[PDB]
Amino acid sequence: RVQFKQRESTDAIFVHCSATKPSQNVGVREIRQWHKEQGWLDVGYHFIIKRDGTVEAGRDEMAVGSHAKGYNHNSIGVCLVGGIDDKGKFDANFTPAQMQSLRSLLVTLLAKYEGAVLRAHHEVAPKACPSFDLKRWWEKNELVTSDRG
C-alpha cells in the first residue's frame, strides 16, 4: 500500500539470489520479513522466482527499489529463490522450471525497455549473487556454478 517514487529511467536488470537452501520454499512473504528486519517499508526486489516456478511480483515494476546499490535509482532487480548449498557456499541449484520462468520474464523486460541491459550483482559487488555464470546461461542454456559471468 506504501508507494515509492518512480525511476526516471530503467537501464539495467539485475539477477541476485537469496542464500537459501533447496529445502526452503520461501517467497515474497518470507523475503519481505527479512527486509522488514533489515529495516524496510517493503521488499527491495521487483520480482522474485519461487523454487516452484511461480513469479511473485514485489515492488511496483517502475519503482526505485532496494536491491543493487548505487543502482537502485535505475534498474529492476530479480531474486531467484535458492543459491546456497546444504551448509556451504554458492551453488547454482536453481530448478529448470525456475530457469524457464526467468527466461521469458527477461525477454519481456528487455523488449519493454529498449536499451536496458542484463547484469548480475557479482558483477559490481564482492558478493556471490546470483552465484552463477549468467552470460553463459543466457547465451547457452548451460547453467554452471560460478562467481563470474
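Numbers follow the displayed sequence, beginning with 1.
Undergrad: Quick check: 120-128 versus 107-115, which has the larger average CA B-factor in the record?
TA: Comparing 107-115 with 120-128, the higher average CA B-factor belongs to 120-128.
Undergrad: If you average the CA temperature factors as listed in the entry, which stretch comes out higher, 35-43 or 81-89?
TA: If you average the C-alpha B-factors of 81-89 and of 35-43, the larger mean comes out for 81-89.
Undergrad: Where does the C-alpha B-factor of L102 rank in its chain, lowest, middle or highest third?
TA: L102: CA B-factor falls in the lowest third of its chain.
Undergrad: Mind checking which third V64 falls in for C-alpha B-factor across the chain?
TA: It belongs to the lowest third of the chain when residues are ordered by C-alpha B-factor.
Undergrad: Divide the modelled residues of the chain into thirds by Cα B-factor and specify which third, lowest, middle or highest, holds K21.
TA: Highest third - that is where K21 ends up once the chain's C-alpha B-factors are sorted.
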